[PDB]
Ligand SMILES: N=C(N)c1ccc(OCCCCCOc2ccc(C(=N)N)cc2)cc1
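Heads up, the chain below is alone and in the form solved without the named molecule; it's given as structure tokens.
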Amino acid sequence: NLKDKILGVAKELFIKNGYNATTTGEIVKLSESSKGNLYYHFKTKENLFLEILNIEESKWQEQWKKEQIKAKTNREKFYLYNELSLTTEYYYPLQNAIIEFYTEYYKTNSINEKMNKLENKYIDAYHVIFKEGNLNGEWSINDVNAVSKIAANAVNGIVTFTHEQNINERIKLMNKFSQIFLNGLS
């Protein structure tokens, strides 16, 4: 494909090198397509990167819905989502390029637009879990939105900053966190 085969070459690049580290010159060569091409449906570079973040967020959200069936109660869904977070191939892998990207493009009032666009799509799973858990009487959370943002970010932090200790240790610290957290909601 075209725009679709570029979005891949980019993803690979942003993940492998970082937001700046990778350039359009690079993208184009390996993607194999005149630069101008990129300019059509991919206005700027933020547009391309912001693009990938959306697809990646969506791919992940989709994977989770197709896997959350294995968790009967919302309590389990909390535990599970946080566990899978550590192993997916989606979105989380380029959380580091997001750190760059923000610091490097953080002074454009276009900053909080698509950038908050994601916030909402990223804390969604938690909103459902807690909301539904509230209905489902698994706990009573007066401020679902606050708790979802906290959980989302706390978890993202655990997945992103412990990227060296052996995988199974991670799975366990994560489960201890999920435990302490939910325990604090009651």
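Shifts are known only where both forms have a C-alpha. Superpose the two forms; the largest set of C-alphas matching within 1.5 Å is the rigid core. A residue's number is simply how far along the shown sequence it sits, counting from 1.
If you look for the form solved in complex with the named molecule, you will not find it shown, but the lines that follow are about it.
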(request) Decide open or blocked for this chain: the named molecule is absent here, so superimpose its site C-alphas on those in the bound PDB entry and check whether 3 or more ligand atoms come within 2.4 Å of a backbone or C-beta atom. (result) blocked
(message) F130, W139 and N142 - do all three of these have some heavy atom no more than 4.5 Å from the named molecule in the bound PDB entry?
(response) no
(message) Please determine whether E113 contacts the named molecule in the bound PDB entry, using a 4.5 Å cut-off between heavy atoms.
(response) no
(message) When the contact criterion is heavy atoms within 4.5 Å, does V147 count as touching the named molecule in the bound PDB entry?
(response) no
(message) Can you tell me whether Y92 touches the named molecule? I mean in the bound PDB entry, with a 4.5 angstroms heavy atom cut-off.
(response) yes
(request) Indicate whether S85 is a 4.5 Å heavy atom neighbour of the named molecule in the bound PDB entry. (result) yes
(message) Only one of 53-61, 37-45, 24-32, 130-138 has heavy atoms within 4.5 Å of the named molecule in the bound PDB entry; I'd like to know which.
(response) 53-61
(request) Heavy atoms within 4.5 Å of the named molecule in the bound PDB entry is the criterion; list the residues of 134-158 that meet it. (result) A152, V155, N156
(request) Say whether the C-alpha atoms of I15 and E169 sit closer together or farther apart in the bound PDB entry than in the form shown here, given that their separation changes by 3 Å or more. (result) farther
(request) Taking the shown form as the reference, report whether the CA atoms of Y91 and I171 lie closer or farther apart in the bound PDB entry; the distance changes by 3 angstroms or more. (result) closer
(message) Where exactly does the backbone move between the shown form and the other one? Looking for runs of 3+ consecutive residues, each with a CA shift of 2 angstroms or more after core alignment.
(response) 1-40, 89-113
